[PDB]
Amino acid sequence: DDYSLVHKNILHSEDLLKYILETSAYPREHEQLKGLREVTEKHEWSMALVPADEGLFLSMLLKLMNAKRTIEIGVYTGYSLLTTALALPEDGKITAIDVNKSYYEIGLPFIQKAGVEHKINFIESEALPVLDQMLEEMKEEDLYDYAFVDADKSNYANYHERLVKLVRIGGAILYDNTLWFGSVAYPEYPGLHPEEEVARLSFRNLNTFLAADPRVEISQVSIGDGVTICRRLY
């Protein structure tokens, strides 16, 4: 095989991870999220799926902050998207962006059976051109409450420069995979696929920059593969 992090976890044992999933995540997972997850595990890019325990953490965060208008960048088969759509109120609206709609069509039957497709506006495109177009037309009355960032890893810093202007003051920007299977912990790290090493270097730089960015407050959370919550200050 070609990728060198796919079998790693940030937790010390797989048994602890399975405990969390079986005890607290799966019993609270919507039946369509379960169906979407199980077909995605068979897909060749299963490594990139947002896990069930992180998903319930995203749902909890969305409800506690009373989010209504959100943006999802990096959809894949739609697990975190369906998680968002189920957590928002019935009049919630999501802008969902991904370069590859074929992945989205794997999840769309489960989103449709859940009855939340009406909340979703899917845009098949590279993320940055869509974001830049939003900056041209965005009214302050239409800023987003919440952004989940999970698309091209090397492009997170570029995403951030747009998203600090597209989410409201007090809104949240979440960066997925910021611990990169634990490989960010070292300046040098051996044997990775070039794409994996670029992403690793990008995340070490992002984590540093985000801790120094006065436009936001942060909390890096050791759930899933690392999630960094940012809250816009001004």
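Note that residue numbering follows the sequence shown and begins at 1.
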item: 133-141 set against 113-121, stretch whose average Cα temperature factor tops the other in the entry; value: 133-141
item: Segment of higher mean CA temperature factor, 12-20 or 208-216; value: 12-20
item: Options 68, 43, 30, 63 - largest CA temperature factor per the record; value: 43
item: Deposited CA B-factor, highest of 128, 149, 81, 164; value: 128
item: Assigned third (lowest, middle, highest) for the C-alpha B factor of residue 197; value: middle
item: Chain-wide C-alpha B factor ranking for residue 38, given as lowest, middle or highest third; value: middle
item: Lowest, middle or highest third - CA B-factor, residue 104; value: highest
item: Third assignment of residue 52 from its chain's C-alpha B-factors; value: middle
item: B-factor third for the C-alpha atom of residue 182 within its chain; value: lowest
